[PDB]
């Protein structure tokens, strides 16, 4: 029992994609556990422990694909679970949760600035960069490159069905960056004039595969075809612990109405099924580098990032369950 408004409203805003982008989802989730601990009227520590377990279950059960979300939850609740089981009283527990979530948030913010600085060294003056969807990590790189006086242009793919490309196009243009907007279908047509591709990630697997917005794997295919470097800009908390032990990342199937509006789809024949995967999977061979906040790695070093940050927790249960 007993969860605050902010937890529920955040969960609904993740589901509906009013809060979106794997990094932002992650911070939002940490932010929500932070408000539950702030506002909780719990008296006992075991009461609050149980509230935070249940806030965490609600937040995890929103969108499955970007592992940034459970890694945020984990980051807070490994520390909440240790404090609680160590024998922390109420206010010690409240501070552990509140602070762990402030920690993760700040670190996510810092990781992205840093990804931008690292990645922008791989951008050269005159570069035409093609991007996909709307990824804060990818945009940090492009923004920094432009602030360094590299005269760049970005090809923004519209990113059907949900139009994330429109966000990207206005954001980059607002920083002063020349933009070329095209449909997703025009990616091979314009790969010849493209020098660099920069995209984000929702989950990165142990073998180096990249799960990112539907279409990503196509752009990467034709980038390889043309020898255009595919650079994936991605925080360490995009990497997927459980792929270490064989798990496949779930691909989120979103509502048909995102593709065909309700007003039109109801008029269509029964024998047409609309299928709307929100993500696809790009194989490591088509990735040049993964730019984390810890540096440039080849895609196959994803196992090392995981071995050293996340491996230890795979013998344990999730820090929010019974």
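Positions refer to the first chain, counted from 1.
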{"item": "Higher-scoring stretch by recorded Cα B factor average, 69-77 or 198-206", "value": "69-77"}
{"item": "Greater mean Cα temperature factor according to the PDB record, 309-317 or 296-304", "value": "309-317"}
{"item": "Highest recorded Cα temperature factor - choice among 130, 249, 88, 118", "value": "88"}
{"item": "Given 291, 35, 259, 253, the residue at which the Cα B factor reaches its maximum", "value": "35"}
{"item": "Cα B factor band for residue 273 (lowest, middle or highest third within the chain)", "value": "lowest"}
{"item": "Chain thirds of CA B-factor: placement of residue 64", "value": "middle"}
{"item": "Residue 188 CA temperature factor, ranked by third within the chain", "value": "lowest"}
{"item": "Where the record places residue 227 (Cα B-factor, split into thirds across the chain)", "value": "lowest"}
{"item": "Residue 282 - which third its CA temperature factor falls in, relative to the rest of the chain", "value": "lowest"}
